[PDB]
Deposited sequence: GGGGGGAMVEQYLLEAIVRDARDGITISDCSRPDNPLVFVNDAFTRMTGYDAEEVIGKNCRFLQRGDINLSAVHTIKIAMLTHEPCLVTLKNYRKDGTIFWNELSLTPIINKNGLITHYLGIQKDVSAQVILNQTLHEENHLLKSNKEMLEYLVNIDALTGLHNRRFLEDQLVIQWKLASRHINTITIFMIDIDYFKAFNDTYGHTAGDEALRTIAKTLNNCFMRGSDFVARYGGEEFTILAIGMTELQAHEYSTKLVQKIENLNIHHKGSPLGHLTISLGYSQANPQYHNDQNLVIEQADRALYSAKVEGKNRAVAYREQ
C-alpha cells in the first residue's frame, strides 16, 4: 500500500522532513498537523531551520542533545518547550531519526512533533494532592512523586519490547540508576528535600532519550530504570556516562557525599533478545553492575561485561 504514506501524512502529530545536504538542516517538508500544532504555514517555514519554535526559556541540555545527535548521525527523543506563531506555549516531544536509503547515510532527517502539554501539566500536578476514578486508572502506571512511569510499566514494557526486539533483531539495554548517599541527604537536609531532589533527578533523566520506544521509570524509592532499544555498545556507554554527568552538573549540594554534590551510580547491561530470550536476566546483570559501580567510582557507569 503506497497511499498509506499519504494517509499517515494526514496525522495528528507533526511530520517534518529536513534536508541534510544543505547547511543548518532546512525544513523541506511540512504536513498539515505541523501547521495546525504550531500555526506556521508551509510557505513560511520551508527552507528554514525549525529553531523558530524555541525561545530563551528552552532547555539548553535538550537542544544540545539535538545538536550532538544530528552531528553524530544518531536519533534522539527530547521534550521541548515550543512557542506557536500566535505566542501560545505547547510542550513538544520531538523524535528525530535519520533516513538511510541503500547506505545513503543521513540524506534527510525525520522530525515527529507530539503535543504532550497535557501530560506535562498533569504529571506535574500529580506530586501535589490536587478521588476521580479515571485519574486513579491513570495513576496505576504512574509514580505520584516523580511523575514518571512506575515499576509495573517497566516490567510490562520489558515483556512487550523484548518480543518486539527479538523480531527486528534489536538490542535491549537496561540502566539501573541509584542515588548515592541518599540516606545522608534525607537525614541531614530532610526527607522533603530528598523528595525534591528525587523530582529534580527524575525530571533530568526523563529527557534526551535516543529513540521513541525508550523511557525512564522509578524502580524504587531511590532507584530509577531506563529501557532502550536498538543501541550499540558505544552508544550505551556514552548515554550512561552522560547521564551520570548530567546529574553531576545539576550540582545539588550534598553534605554527606564526599564529592560535595549528590551523584548517580549506574549499572547497565545490553543483550540481544533474539539469542537467549531470557527475561529478568538483563535486570539481574544490571543490578550486579550497579553494585560494582558503587565501589568502582560512586559517580560512574559500569557495564556488566
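For this chain, the deposited residues without C-alpha positions form the stretches 1-10, 141-144, 320-321, given in sequence order.
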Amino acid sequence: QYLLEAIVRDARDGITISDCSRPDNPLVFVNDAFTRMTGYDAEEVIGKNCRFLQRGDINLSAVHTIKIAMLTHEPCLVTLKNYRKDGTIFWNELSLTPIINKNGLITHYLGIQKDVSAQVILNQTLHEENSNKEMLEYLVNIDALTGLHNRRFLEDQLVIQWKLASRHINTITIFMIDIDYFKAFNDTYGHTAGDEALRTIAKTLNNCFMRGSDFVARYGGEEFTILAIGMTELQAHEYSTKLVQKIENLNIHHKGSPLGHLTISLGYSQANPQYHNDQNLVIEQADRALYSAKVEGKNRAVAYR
From here on, numbers count along this sequence of modelled residues.
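Higher mean CA temperature factor, per the PDB entry, when comparing 270-278 with 48-56: 270-278. For the pair 75-83 and 180-188, the record assigns the higher mean C-alpha temperature factor to 180-188. For the set 216, 208, 118, 100, the PDB entry assigns the largest Cα B-factor to 100. As recorded in the entry, 125 carries the highest CA temperature factor of 235, 204, 125, 150. Residue 105: CA B factor in the highest third of modelled residues in this chain (values from the PDB entry).
Residue 160: CA B factor lies in the middle third for its chain, per the PDB record. Sort the modelled residues of the chain by CA B factor and residue 255 lands in the highest third. In the deposited entry, the Cα temperature factor of residue 290 places it in the middle third of its chain's modelled residues. Among the modelled residues of its chain, residue 94 has a C-alpha B-factor that falls in the lowest third, as given in the PDB entry.
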